[PDB]
């Protein structure tokens, strides 16, 4: 029953939006789950970390650590974090086993015109350095379990895709 559903993508691509929707849908149906949103655990579990390659690796690995413990005790874990490095993602997947990579995919141009929290403009001004997709890498999942193209898709479809994978893999009724 326990699985980690791992949502990676550009900032503003739609990880959190999906995670809240998926979260609600799973809980209504009575499934047990926990959520680890990158923005939020950075105020908690990963307080004090920044955005260097070393610090993102600490962040993601720490998250992987707590996901691993929940998943192996039968909990659906909803993770949403940029996870820009593919090798780190692959590492965490190997560690948890029961792992669905979800590529929340919006082209950068969309993510930027969206500018949900004003961050992208700050990244272009030079105000913020090393912003992912602007002057810091993002390594797209080459073979993800689900891909949600959120320029193209509506929220219900994007959630539907993930929900459907869970059914196919027999993680839920």
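Numbering follows the first chain given and starts at 1.
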| property | result |
| --- | --- |
| 5-13 or 157-165, whichever carries the higher mean Cα B-factor | 157-165 |
| Mean C-alpha temperature factor, higher of 28-36 and 47-55 | 28-36 |
| Given 60, 121, 128, 69, the residue at which the Cα B factor reaches its maximum | 69 |
| Position of residue 77 among the chain's modelled residues by C-alpha B-factor, lowest, middle or highest third | lowest |
| Assigned third (lowest, middle, highest) for the C-alpha B factor of residue 113 | middle |
| Chain third (lowest, middle, highest) by recorded CA B-factor, residue given as residue 96 | highest |
